[PDB]
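Single chain ahead, by itself, as structure tokens, in the form deposited in one PDB entry.
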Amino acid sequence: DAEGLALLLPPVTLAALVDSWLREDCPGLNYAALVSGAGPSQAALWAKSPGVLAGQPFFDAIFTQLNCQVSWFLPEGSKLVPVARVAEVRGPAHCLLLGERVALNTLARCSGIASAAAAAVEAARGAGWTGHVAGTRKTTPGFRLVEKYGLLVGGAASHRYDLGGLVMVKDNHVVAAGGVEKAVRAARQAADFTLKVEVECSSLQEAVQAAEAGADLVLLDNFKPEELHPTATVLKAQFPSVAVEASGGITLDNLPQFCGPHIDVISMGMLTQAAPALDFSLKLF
């Protein structure tokens, strides 16, 4: 259930995020506040786009800072069928109007990402695939928390949250260490026993070498589907312990061709780099 995902959020990081957003939007005097005054008011939140609602905790934390309350008519994760009345916000008029843009901006993006994740999860399910659709570290700097949380709301896995969550050996590591085996052995020796090591591999030879040197996960990078499945099949046969991830150029359109019985995870840069924001408005009534 998506309603439970809010529990994941670090509250100290949340509060600081919210403050820095409001500071960004209004660092000094807000002259518009005299236009609206402090009279108690109510505003309706409208969804004008189809997709998945995500970002309630952030929307709430923005408005709570500004002494406003929110009532949701749809739970976190609901399908959105425009034009829908999603929520009501109450508080002093200038407070509502001060938070409006930042709150809509957050909900729009979080919902945009959750929508793209859900479409990808749906296409995979429709192709018979049971594994994890996942995001990447291709997130807007400073805004990871919202973006990874959006992915989760959409039913995708977030993948490692940051550099501290998993040790990922990539092409650049392989080059710097002087070869796949040296890179993986160094990664394995260096990584705390609590961490997994994943290795980005551009061929089957690399993947085998990586599995032999102790990789927990092998990421098959930029394979055409026709070489991908035979590669994953062998790896799973020779190394059934190793998880297999596919990534590189995977889109909502081609995703079903990348699904296969020997792929455990499919990760997509597009879920965060190319998810258009949903359209929401907040109309004072």
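Each form is matched to the other, and the largest set of C-alpha atoms that superpose within 1.5 Å is called the rigid core. Position 1 is the first residue in the sequence shown; the rest follow in order.
FYI, the form deposited in another entry isn't displayed, but the following is about it.
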| query | finding |
| --- | --- |
| Position with Cα shift of 2 Å or more, rigid core superposed between the shown form and the other one, options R160, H173, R144, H94 | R160 |
| Yes/no, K196 Cα shift of 2 Å or more between the shown form and the other one with rigid core fixed | yes |
| Threshold 2 Å Cα movement between the shown form and the other one at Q205, rigid core reference | yes |
| Rigid-core frame, C-alpha of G77, shift of 2 angstroms or more between the shown form and the other one | no |
| Cα-Cα trend for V133 and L163, given that in the other form the distance shifts by 3 Å or more | closer |
| Direction of C-alpha distance change in the other form, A116 to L163 (at least 3 Å) | closer |
